[PDB]
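For the protein sequence lines, the chains are D and A, in the order given. Under the deposited numbering, think of the first position of the first sequence as 342, with each following residue one higher. Heads up: the second sequence runs through residues 1 to 263, 329 to 704, numbered per the deposited numbering. Just so you know, even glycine gets a beta-carbon here, dropped at the ideal spot from N, CA and C. First the structure, in the form of structure tokens, and then the observations on it.
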Amino acid sequence: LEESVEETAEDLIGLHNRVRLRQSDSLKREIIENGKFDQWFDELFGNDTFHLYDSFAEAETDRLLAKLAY
Amino acid sequence: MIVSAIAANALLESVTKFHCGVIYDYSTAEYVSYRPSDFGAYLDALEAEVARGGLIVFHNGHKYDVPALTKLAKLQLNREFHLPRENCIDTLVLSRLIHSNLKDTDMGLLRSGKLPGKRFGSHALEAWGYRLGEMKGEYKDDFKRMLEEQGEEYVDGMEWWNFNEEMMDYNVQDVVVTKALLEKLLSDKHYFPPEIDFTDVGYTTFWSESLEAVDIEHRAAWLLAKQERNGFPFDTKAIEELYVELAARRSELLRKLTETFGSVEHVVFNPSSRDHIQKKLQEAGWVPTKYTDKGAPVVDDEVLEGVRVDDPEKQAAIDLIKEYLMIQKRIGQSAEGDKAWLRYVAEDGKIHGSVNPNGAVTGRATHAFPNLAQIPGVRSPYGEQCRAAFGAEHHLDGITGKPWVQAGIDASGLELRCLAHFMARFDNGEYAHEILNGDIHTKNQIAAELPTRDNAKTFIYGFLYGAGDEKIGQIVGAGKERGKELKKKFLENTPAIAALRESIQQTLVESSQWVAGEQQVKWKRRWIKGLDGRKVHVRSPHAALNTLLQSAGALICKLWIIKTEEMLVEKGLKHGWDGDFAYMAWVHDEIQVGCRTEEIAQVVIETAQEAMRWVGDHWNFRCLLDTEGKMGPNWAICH
């Protein structure tokens, strides 16, 4: 709830590849635009297993449980 | 990716017709030959590789082939032909990058008799053909000897005046060595990772999967080649108006310098050639102090200032000789030289000083014909006139007719800030903030205990670059006694510097040992990683620091001058004398940019600073980098 879906994915992506894509700032722009992002992305989320919540615009209780049940 | 090489009638200055060219495609795995009527189809084949997003392989193409194909397409086919910088590669540049250390290695190859002595140091195609074993013969020598023996002599390059079926075959010969040299460079995994076959990828992937230095070098060589074609506007009349004032001064002095003396033999001596001052001072009663390795006494500017003789006329004549030698130097650089400036002024009124990019072990390029990076400064005699001759004001605008304005921007204290970056790892940015706080020469003075700040300035650079203890002691008028204690005291007050040589020595290396007065400094690792990741073979651990900092400083400037122009193009300005600005000269940490209006120069100055901060941000520099700009007509004002 406290971070966009891209930010939680950002953590997951780095975590899978045993790295921190939040502190190495030259490497962030490099490995993504070169072809190592698409590589890891398919390597990780390709199994269609990961699902996230996208809003950050203060969800209501039965505007979350509905989505959580979904 | 395709590999090619061309054949023209002459050099970039007066090339008029395209002869032949061969294109080997890695997808088709077959060569294609073109002839002087197939020039049109040749330009199409290169565009097709651009449309697919591939690469075009040339040897010396960034400096010659590509701009020549730009020039040839305008006068012969009346079509605009321009290869983008992103989808063209120059093996010659990569050769200077990957194998800067090769000769060196060539000593055994030179002894082998495999590699010609005239190609001892050349990165040229012919020099590489024997290295790959692909040289079946050279077109340069098989023509010259045919001019002697089979009739009619020759002067300078006539084997290109017109096409011949042997040229069409030696055009292929130039291509297959280019292909093999490319694969020899792609097989070096320090720059090109093995997981990617660069012989079969798109241009977007090639730059990104390669080492950062690879990308910079092609941007650097492309940029500097533009500067050569931009050239430096030159006031011919002014230098001519100086040669008159100097030759007259030389002639009047020559007359006067025969008034004090006084000389199977004859006699005519004048102030030149070591047999001159040596022959007279050993008659005025001068005992030489410092000698040379051959035995001859030292006769330089240093000792001449201190030469004291009992003869007042001889003594007063010393200062007259001091002037004479200096007069010859300026004359010998601007008029009376084989590479004099007046000889290189083209028909446009500009001097096109050439530049070999990172074809120089570590960082800063090399300049020659003429060396634009050794014009006497404003602080030296007659340099004010000299620097004034190199100015944007000496080139009027092809449209408005106005004198362009020059913008001079240098890297503020680049050397010490690079030092602050590598030592901020041990003092947590202490020394780096001392730069920003200002008066780093004041702190170095206190740290090394020097009487004046100027003594600290001359100390910090000499000490950093591996100076003896005598030379350090001579700063305060002493020897190795004060020198050893001056350096040891500086190390104690600046721990980070010593700890820096730990991390370097723990990278790791070997160990050294002295045997009876011989420096036997061995090593295990003779290659330092740069900021872009290139190999910097450096030297013995006795200094090495100088190479690390100068590699850092010059590679920063390379990115700096690249990012500035990219932003200027991004901001909308146009590069070229028909545009708004033009790169004229790059000197270590300073550049000279011609500008159509004063307003444009102001943006250039700000843009140059913006690029310098981006470079510092890109490589996560531990210390802050900055620049200072100066606006004016010529070089004597912008520096």
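Chain A partners of residue i, CB-CB under 7 Å?
{"i": "residue 366(D)", "result": "685"}
Run down chain D in chain order and give the residues with a C-beta less than 7 Å from the C-beta of residue i.
{"i": "residue 208(A)", "result": "374, 375, 376"}
{"i": "residue 357(A)", "result": "None at all; the shortest Cβ gap to chain D is about 50 Å."}
Alpha carbon to alpha carbon, how far is residue j from residue i? Give it in angstroms, no decimals.
{"i": "residue 720(A)", "j": "residue 403(A)", "result": "Chain A is shown only over 1 to 704; residue 720(A) falls outside these bounds and no answer can be derived."}
{"i": "residue 394(D)", "j": "residue 346(D)", "result": "6 Å"}
{"i": "residue 130(A)", "j": "residue 109(A)", "result": "10 Å"}
{"i": "residue 486(A)", "j": "residue 593(A)", "result": "16 Å"}
{"i": "residue 406(D)", "j": "residue 400(D)", "result": "10 Å"}
{"i": "residue 425(A)", "j": "residue 366(A)", "result": "29 Å"}
{"i": "residue 633(A)", "j": "residue 644(A)", "result": "11 Å"}
{"i": "residue 609(A)", "j": "residue 589(A)", "result": "14 Å"}
{"i": "residue 444(A)", "j": "residue 235(A)", "result": "20 Å"}
{"i": "residue 702(A)", "j": "residue 471(A)", "result": "9 Å"}
{"i": "residue 95(A)", "j": "residue 123(A)", "result": "7 Å"}
{"i": "residue 552(A)", "j": "residue 233(A)", "result": "46 Å"}
{"i": "residue 382(A)", "j": "residue 257(A)", "result": "8 Å"}
{"i": "residue 446(A)", "j": "residue 339(A)", "result": "23 Å"}
{"i": "residue 84(A)", "j": "residue 220(A)", "result": "14 Å"}
{"i": "residue 87(A)", "j": "residue 66(A)", "result": "12 Å"}
{"i": "residue 118(A)", "j": "residue 601(A)", "result": "26 Å"}
{"i": "residue 510(A)", "j": "residue 603(A)", "result": "29 Å"}
{"i": "residue 398(D)", "j": "residue 349(D)", "result": "16 Å"}
{"i": "residue 613(A)", "j": "residue 623(A)", "result": "15 Å"}
{"i": "residue 391(D)", "j": "residue 366(D)", "result": "26 Å"}
Do residue i and residue j have their CB atoms nearer than 7 Å?
{"i": "residue 178(A)", "j": "residue 5(A)", "result": "yes"}
{"i": "residue 432(A)", "j": "residue 442(A)", "result": "no"}
{"i": "residue 660(A)", "j": "residue 406(A)", "result": "no"}
{"i": "residue 224(A)", "j": "residue 420(A)", "result": "yes"}
{"i": "residue 490(A)", "j": "residue 507(A)", "result": "no"}
{"i": "residue 557(A)", "j": "residue 545(A)", "result": "no"}
{"i": "residue 513(A)", "j": "residue 555(A)", "result": "yes"}
{"i": "residue 170(A)", "j": "residue 139(A)", "result": "yes"}
{"i": "residue 188(A)", "j": "residue 98(A)", "result": "yes"}
{"i": "residue 310(A)", "j": "residue 562(A)", "result": "There are no atomic positions for residue 310(A) here, as chain A continues from 263 directly to 329."}
{"i": "residue 689(A)", "j": "residue 529(A)", "result": "no"}
Mind pulling the chain D residues with CB within less than 9 Å of residue i?
{"i": "residue 205(A)", "result": "375, 376"}
Within the same chain, show all residues whose beta-carbon is closer than 6 Å to that of residue i, passing over the 5 residues directly before and after it, in chain order.
{"i": "residue 655(A)", "result": "475"}
{"i": "residue 673(A)", "result": "474, 629, 692"}
{"i": "residue 549(A)", "result": "534"}
{"i": "residue 127(A)", "result": "119"}
{"i": "residue 384(D)", "result": "none"}
{"i": "residue 243(A)", "result": "400"}
{"i": "residue 520(A)", "result": "540"}
Measuring alpha carbon to alpha carbon, tell me which of the options ends up nearest residue i.
{"i": "residue 360(D)", "options": "342(D), 343(D), 381(D), 344(D)", "result": "381(D)"}
{"i": "residue 565(A)", "options": "241(A), 331(A), 457(A), 484(A)", "result": "484(A)"}
{"i": "residue 675(A)", "options": "616(A), 627(A), 361(A)", "result": "627(A)"}
{"i": "residue 439(A)", "options": "411(A), 458(A), 399(A), 466(A)", "result": "399(A)"}
{"i": "residue 346(A)", "options": "429(A), 100(A), 260(A)", "result": "260(A)"}
{"i": "residue 373(A)", "options": "649(A), 41(A), 597(A), 353(A)", "result": "353(A)"}
{"i": "residue 2(A)", "options": "578(A), 49(A), 34(A)", "result": "49(A)"}
{"i": "residue 422(A)", "options": "651(A), 666(A), 195(A)", "result": "651(A)"}
{"i": "residue 79(A)", "options": "58(A), 42(A), 60(A)", "result": "42(A)"}
{"i": "residue 461(A)", "options": "61(A), 114(A), 698(A)", "result": "698(A)"}
{"i": "residue 246(A)", "options": "12(A), 112(A), 355(A), 393(A)", "result": "393(A)"}
{"i": "residue 430(A)", "options": "356(A), 620(A), 412(A)", "result": "620(A)"}
{"i": "residue 458(A)", "options": "238(A), 227(A), 263(A)", "result": "238(A)"}
{"i": "residue 638(A)", "options": "114(A), 667(A), 194(A)", "result": "667(A)"}
{"i": "residue 380(A)", "options": "342(A), 412(A), 479(A), 523(A)", "result": "342(A)"}
{"i": "residue 584(A)", "options": "606(A), 571(A), 59(A), 572(A)", "result": "606(A)"}
{"i": "residue 543(A)", "options": "515(A), 561(A), 480(A)", "result": "515(A)"}
{"i": "residue 414(A)", "options": "681(A), 463(A), 22(A)", "result": "463(A)"}
Return the chain-ordered list of same chain residues with a C-beta closer than 8 Å to the C-beta of residue i, the five sequence neighbours on each side being excluded.
{"i": "residue 409(A)", "result": "416, 417, 418, 434, 435"}
{"i": "residue 36(A)", "result": "17, 18, 19, 20, 163"}
{"i": "residue 120(A)", "result": "103, 106, 110"}
{"i": "residue 71(A)", "result": "12, 15"}
Can you name, in chain order, every residue of its own chain whose Cβ lies under 7 Å from the Cβ of residue i, other than the five neighbours on each side?
{"i": "residue 180(A)", "result": "132, 134"}
{"i": "residue 212(A)", "result": "597, 598"}
{"i": "residue 93(A)", "result": "62, 217, 218, 221, 422"}
{"i": "residue 351(A)", "result": "372, 374"}
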